[PDB]
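Chains as they are written, first to last, in the authors' numbering: chain E, 67 to 394, 405 to 561; chain g, 3 to 194; chain C, 245 to 293; chain H, 27 to 61; chain D, 48 to 509; chain l, 53 to 85. Where a beta carbon is used, it is the ideal one built from N, C-alpha and C, also for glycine.
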Amino acid sequence: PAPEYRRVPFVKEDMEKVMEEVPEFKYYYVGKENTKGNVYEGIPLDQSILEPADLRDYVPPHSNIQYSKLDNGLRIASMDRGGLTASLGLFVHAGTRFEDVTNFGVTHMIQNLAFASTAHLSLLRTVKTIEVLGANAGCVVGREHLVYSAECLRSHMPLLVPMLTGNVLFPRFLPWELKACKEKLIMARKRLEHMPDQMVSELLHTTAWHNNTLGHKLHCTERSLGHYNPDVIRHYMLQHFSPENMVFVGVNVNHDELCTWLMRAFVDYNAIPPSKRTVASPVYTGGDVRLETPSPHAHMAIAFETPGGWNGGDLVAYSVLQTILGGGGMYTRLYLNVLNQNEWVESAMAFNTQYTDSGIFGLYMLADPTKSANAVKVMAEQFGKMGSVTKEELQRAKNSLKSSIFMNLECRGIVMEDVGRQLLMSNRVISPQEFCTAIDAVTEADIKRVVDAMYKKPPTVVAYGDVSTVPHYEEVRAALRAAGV
Amino acid sequence: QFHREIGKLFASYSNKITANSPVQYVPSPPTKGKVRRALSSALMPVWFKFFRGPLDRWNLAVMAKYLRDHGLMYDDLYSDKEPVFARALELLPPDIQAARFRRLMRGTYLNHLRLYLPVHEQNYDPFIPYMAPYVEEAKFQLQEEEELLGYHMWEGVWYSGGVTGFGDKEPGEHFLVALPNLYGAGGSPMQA
Amino acid sequence: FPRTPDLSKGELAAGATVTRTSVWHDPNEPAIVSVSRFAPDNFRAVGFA
Amino acid sequence: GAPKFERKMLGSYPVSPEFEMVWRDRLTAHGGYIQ
Amino acid sequence: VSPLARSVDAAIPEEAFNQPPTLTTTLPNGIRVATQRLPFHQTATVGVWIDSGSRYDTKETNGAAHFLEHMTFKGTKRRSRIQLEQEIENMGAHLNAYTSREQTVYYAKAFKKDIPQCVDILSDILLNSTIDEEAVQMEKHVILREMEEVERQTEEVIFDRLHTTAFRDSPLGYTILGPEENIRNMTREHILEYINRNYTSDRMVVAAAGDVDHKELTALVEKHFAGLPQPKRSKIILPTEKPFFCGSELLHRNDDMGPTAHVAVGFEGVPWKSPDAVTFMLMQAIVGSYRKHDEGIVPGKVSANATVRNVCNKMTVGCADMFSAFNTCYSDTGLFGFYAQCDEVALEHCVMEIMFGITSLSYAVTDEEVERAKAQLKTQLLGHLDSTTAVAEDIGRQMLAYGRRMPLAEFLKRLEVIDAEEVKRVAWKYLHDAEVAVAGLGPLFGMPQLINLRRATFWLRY
Amino acid sequence: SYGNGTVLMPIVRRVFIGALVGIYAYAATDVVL
Ligand SMILES: CCCCCCCCCCCCCCCCCC(=O)OC[C@H](COP(=O)([O-])OCC(O)COP(=O)([O-])OC[C@@H](COC(=O)CCCCCCCCCCCCCCCCC)OC(=O)CCCCCCCCCCCCCCCCC)OC(=O)CCCCCCCCCCCCCCCCC
Ligand SMILES: CCCCCCCCCCCCCCCCCC(=O)OC[C@H](COP(=O)([O-])OCC(O)COP(=O)([O-])OC[C@@H](COC(=O)CCCCCCCCCCCCCCCCC)OC(=O)CCCCCCCCCCCCCCCCC)OC(=O)CCCCCCCCCCCCCCCCC
Ligand SMILES: CCCCCCCCCCCCCCCCCC(=O)OC[C@H](COP(=O)([O-])OCC(O)COP(=O)([O-])OC[C@@H](COC(=O)CCCCCCCCCCCCCCCCC)OC(=O)CCCCCCCCCCCCCCCCC)OC(=O)CCCCCCCCCCCCCCCCC
Ligand SMILES: [Zn+2]
């Protein structure tokens, strides 16, 4: 049941009349007309300076999501909560899972060239004008999506829209600007090495989906520098950056006004034309990888595949199981059965990483580098009992999950990212009220069913840090098989 | 508040310029007055025929013969000590940069010997503007920087960090910051 | 607002005359393709070769 | 100035010319102190 | 006549005026209740804001206020430690608390239906906690450990040392945790004395925000907070003495902890209710902040912020890993300054550049710089009022400081009429040629003299 | 312009020009006008 999109047609307008609607903006202050100074001098803050003309009777705003679409295929969705700071975001369905051996690193290059020179605005004037407006903006690359975002006072929205859309409409990709960005392109993975949690996650993906789809790396390598030229970049955008593969989202904006200015950004110039692409299905292989590094702890992670991912039909069941075990709390299964019964364990948790059509689920532990063999035995024992929960554990997990959902959605940023991410992966937005109804219908049999299916494929093992006593690949596999995994 | 009154005058003249600024290209107005554009057109047939005309033609012959004697192009005469032209040279592609390097080497050698090239090595047009696309892009880059960063006289710490404090960024280029060290072996700013 | 170059007469388009004019629009091409042909290395004066 | 084994610096920022004599006499605070 | 002179000039958006009101009531016993309803929410935050802290400890028992924080979660007469923890978990709610020098806070987050059960729990642990002598001795091991981890977060240690040297002659200089010897010799009688002298009805506010009803929150408070003692006065109406600001330095030299030094400098500021408090907020934003490993999309070398630009271009390589300005208000004084981290050989350059930027406020700041700072301040302040917790913290904090909540429109009206000539007036009065206090840690061989820092507060040009 | 410390020569330029305009204007009013 997809949402019904309202049509916003292209219209030709007189330029001089549209300029009467652009918000005021100043970069220079050549003198000042007002000469009254601080009229509130000497008045302390325990006393009010407002007048009756400043009082109003409150009228709540329109907080439901409204939907619209342009004629070029761009989908638009916005909501207003009455705040004064707006969040804006442009989501593109063009992540690292679409790269090949001749392209590895191109999506990371496009992220680091965000807000560079365009056909109607230079790099310096773009980043300098955003700062002077008091806004923050950036670009984030992922495995399935690329996102451009900005936050600013809600009266500056018309000024920020073109500086976001220009990156996908008419970037120039000048040689001397590419040569000035090549430095920050390598320092990413170098900065990633000294971040253990992020390194364990990367190793988990590269090992789960060997050389395909979700297993490609996020950042560039020294090899990638062999194809860092404008023609390769421009060829990638022509295959993936059409309006039909993009969604725009705003929070704390007027819906009708956002549609008008988005229509005006696309009316006079030609966008990248559509193209039919076939999405290859991921191939899960599992395996094992080690990475020795100076560290006082032995990091260890073990995971399995989740069939179907976000659209597999059992998303809510894996999120309830995660809550029972314990995530990033003092009555979770991992705090009572593992941490309290072993003083040499520094931490432990469960993770659940889901994508459009595949995901992984597993455990992650730090421990004393001299007891890695025992760390493997305890993890295997927990996997052996995952398919059994009591009524008290299950009921306490549901209540904890519902509260987290509603509480997360109090923040502007999270709401924006959730709405845009859902419309690219499923063309529908599931409300928190529908999540609750689904959470309440999870049974004990469902848990036991999804754990068994999870164990029908090989595992994915990762070790990081001091791995001097980590058993051999065959011994980890055998320990799991003795606990019934 | 005497500063706020002066600011009101600046602001009035500022708003007047803006309210009378066009929103599209409009040709610039003629500089010379009508009285001056009438005397010139009346004396033109005689002034141009016997003086200004031959002056223009002698000038281009003098320039062409000197450049061709040395194997040079007109655009080779500009210096890299101009900030605009320095930026333009940084934007050149390899093939054009190599040919300029070679012509400049050959012209210094010929001026040292004071020997003409043969006539058959002079058969070329020296007035082709091969630098123009790069000069106009350089002007655009540096006009942006000046308008966005250089619109005010900024203060700074004086005689600190190797610079004077009045705007210089490269160290040791003014006499009052000469001689940075008394002991040691010194160093290069390019190796920091 | 500078003057728009007339490409039919061979006029140069560079710098401010690319960024602040519509000289690069082409009805039968995407904008990202058209403006890729207006870098300074794309123009050469008659008589160069 | 100071001996070589005392002049060795912990940081990497370059010595500015107005501070040449300061760092020619660097001395390590063996044991530390509170001032 | 040009369209370039007919732009939409809307100073303060209409949304600032169309906000839901914050309702207030004072009960007979002196407790104050304040609420703002936000219909677009299903959860809520309710809490208790108290006007007490480490500044109200005695010199002999400095640390009881923080000690009391831990004991408040160890058991009551009707609920035990285990029973309390399980009741919160079974509702999916959260319960947090923190203690500072002048304010102490307890708050909970839960669904609407579970709000009454949260008010019952909050009143119980605040009025009926059993301070068992046997548990007081057990906590002594958990708190002595926290004193070692706090010694590992360097920024927190430096700000404590800055308070210690600046406010030598006042309880505002006490630390929150207290000395070790006081933690080892703590008894339940020291803690009960702190309670009976500080936790009264005239020093407590109950605030809520979300899907909340005011009349119902006023009746729950009247029922569960009835056993709260009222203030007793012995015919003593004597005023408190304003803390004295000592210009001094306290430096820990250590060449065996890496190449990075840490420093903080402070000026005497203004109190909450000052007519110049808004301007100090703005001056904090003009100096701003910077991180070398997180610049963003604007390179520091071309920033509009003059301080950032001068720091990043120093010796063509940059002289700071990070720095940030701060402004802190108290009941009868304040503290304004900056914190920074830097390389051993870069320390002198870094400190003197930031000092130069503060002293520029008195002489040469431009209206471009003021309006850039205004825009950033508005984006951050108005942006942080998204969740129910941040809003509730804003209600409670303002009820204690100002005696009221300031509407958003009033703040924006006061901020709008501050130009560059008003910044110059305030900085000339408070910051020009003033005393400074300094705290530092690490490899400090190249640290400036205190007198160098003191004379950098004025210029000899002009 | 932005980036260099040649800050006195632009002042010398404006003083010299002004001085010349005044010398040749004080002589014309004495000889011609
Ligand atoms: C304390 C002890 C007691 C005594 C103290 C005495 C006073 C001390 C302090 C005085 C004031 C200090 C602050 C100066 C202003 C700073 C403003 C600022 O932050 O802007 C930065 C600003 C850079 O701004 P920018 O936009 O980035 O670049 C500007 C462009 O370059 C060009 O931009 P433009 O083209 O738009 O042109 C702008 C121009 C527009 O205006 C005009 O063009 C108007 C022209 C008016 C002409 C008629 C009046 C005469 C003017 C002077 C004529 C030439 C004099 C030549 C003198 C040479 C010998 C010194 O603006 C000006 O002319 C303004 C400057 C006027 C001030 C000059 C006189 C006072 C300062 C003298 C230096 C300070 C002492 C240094 C001591 C060092 C010792 C180690 O820097 C300056 O303008 C600096 C000007 C001062 C000269 C630099 C230092 C010279 C050092 C060598 C001489 C040392 C002699 C020592 C022994 C003798 C005793 C001293
Ligand atoms: C027939 C007999 C005739 C004899 C007449 C000769 C003339 C006699 C002059 C008497 C002057 C007495 C007053 C002294 C005050 C000096 C200025 C001051 O307050 O410095 C503060 C200055 C900065 O203070 P701060 O506490 O660091 O910072 C506070 C603010 O935050 C900083 O805020 P800010 O950033 O806005 O300030 C930056 C600071 C700039 O700070 C700097 O970057 C360093 C400034 C340079 C040092 C101060 C100037 C004095 C140095 C003495 C050089 C003498 C050379 C002798 C050669 C003789 C050859 C025969 O600004 C300035 O002070 C700019 C300079 C002001 C314009 C020029 C007027 C002062 C010049 C005084 C005389 C020097 C020239 C005489 C040359 C003689 C040649 C024949 O202090 C220092 O730099 C510390 C050391 C200063 C030593 C002072 C020594 C004074 C001796 C003067 C007598 C000259 C000897 C003449 C011999 C003649 C034999 C024939
Ligand atoms: C070192 C290694 C080797 C081993 C060790 C060696 C050891 C020995 C070395 C020395 C150690 C001791 C330290 C010595 C320090 C000396 C001071 C120093 O270094 O200052 C440099 C300092 C430059 O410092 P900087 O760091 O390179 O740059 C400063 C800024 O940051 C940036 O500024 P900027 O770059 O934008 O522009 C700078 C420019 C700025 O240029 C100007 O402002 C112009 C200066 C020259 C003006 C006069 C030239 C002619 C102009 C046409 C006529 C005008 C007439 C007047 C009317 C004008 C309209 C009202 O300056 C120059 O071009 C430099 C000129 C050199 C001047 C040196 C004179 C020193 C004082 C002694 C004078 C003695 C005169 C005797 C002859 C006359 C006898 C009757 O120079 C000055 O700014 C001082 C200018 C002084 C001008 C005096 C002019 C006197 C004559 C006027 C004409 C009178 C005609 C009357 C006719 C009557 C007929 C009856
Ligand atoms: Zn604590």
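Taking the alpha-carbon of residue i as reference, which of the options has the nearest alpha-carbon?
i                            : options                                   : result
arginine 53 of chain D       : E/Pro89, E/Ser114, E/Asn100 and E/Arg73   : E/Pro89
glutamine 430 of chain E     : E/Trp420, E/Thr466, E/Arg409 and E/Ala383 : E/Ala383
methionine 366 of chain E    : E/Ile515, E/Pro118 and E/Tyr440           : E/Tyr440
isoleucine 481 of chain E    : E/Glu469, E/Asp494, E/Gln471 and E/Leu470 : E/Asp494
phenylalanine 505 of chain D : g/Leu178, g/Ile130, g/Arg6 and g/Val159   : g/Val159
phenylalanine 245 of chain C : g/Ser23, g/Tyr80 and g/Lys18              : g/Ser23
What are the boundary residues of the alpha helix (DSSP H) that residue i is part of?
i                         : result
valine 37 of chain g      : 36 to 49
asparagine 357 of chain D : 353 to 359
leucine 470 of chain E    : 467 to 484
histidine 211 of chain E  : It is not in any alpha helix (DSSP H) - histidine 211 of chain E carries neither H nor E in the DSSP assignment.
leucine 190 of chain E    : 189 to 199
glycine 489 of chain E    : 488 to 501
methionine 81 of chain E  : 81 to 84
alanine 144 of chain D    : Note, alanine 144 of chain D: premise wrong, no alpha helix (DSSP H); beta strand (DSSP E) at 141 to 146.
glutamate 457 of chain E  : 448 to 461
What does the Cβ neighbour count give for residue i, buried or exposed, with the cut at 16 atoms within 10 Å?
i                         : result
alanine 257 of chain C    : buried
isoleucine 238 of chain D : buried
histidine 154 of chain g  : exposed
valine 421 of chain E     : buried
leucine 298 of chain D    : buried
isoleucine 75 of chain l  : exposed
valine 526 of chain E     : buried
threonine 326 of chain D  : buried
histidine 72 of chain g   : buried
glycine 254 of chain C    : exposed
Who are the near neighbours of residue i in its chain, counting only those whose CB is closer than 6 Å to its CB and skipping five residues on each side?
i                        : result
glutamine 458 of chain E : none
Take residue i and list the residues in its own chain whose beta-carbon comes closer than 7 Å to its own, dropping the five residues that flank it on each side.
i                        : result
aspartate 414 of chain D : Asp466 and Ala467
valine 198 of chain E    : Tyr93
Can you give me the start and stop residues for the beta strand (DSSP E) that residue i sits inside?
i                         : result
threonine 372 of chain E  : 364 to 373
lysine 156 of chain D     : 151 to 158
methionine 369 of chain D : 369 to 376
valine 317 of chain E     : 312 to 317
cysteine 389 of chain D   : 381 to 390
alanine 424 of chain E    : 421 to 430
Spatial neighbours of residue i within its chain, please: CB distance less than 8 Å, with the 5 preceding and 5 following residues excluded, ordered by chain position.
i                      : result
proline 182 of chain g : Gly164, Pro173, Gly174 and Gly188
Ignoring anything shorter than 3 residues or poking outside the segment 87 to 122 of chain D, list the beta strand (DSSP E) runs there in chain order.
Counting whole runs of 3 or more residues, the segment 87 to 122 of chain D contains the beta strand (DSSP E) stretches 90 to 97.
Runs of alpha helix (DSSP H) wholly within the segment 517 to 542 of chain E (minimum 4 residues, chain order)
Fully enclosed alpha helix (DSSP H) runs of 4 or longer: 520 to 530.
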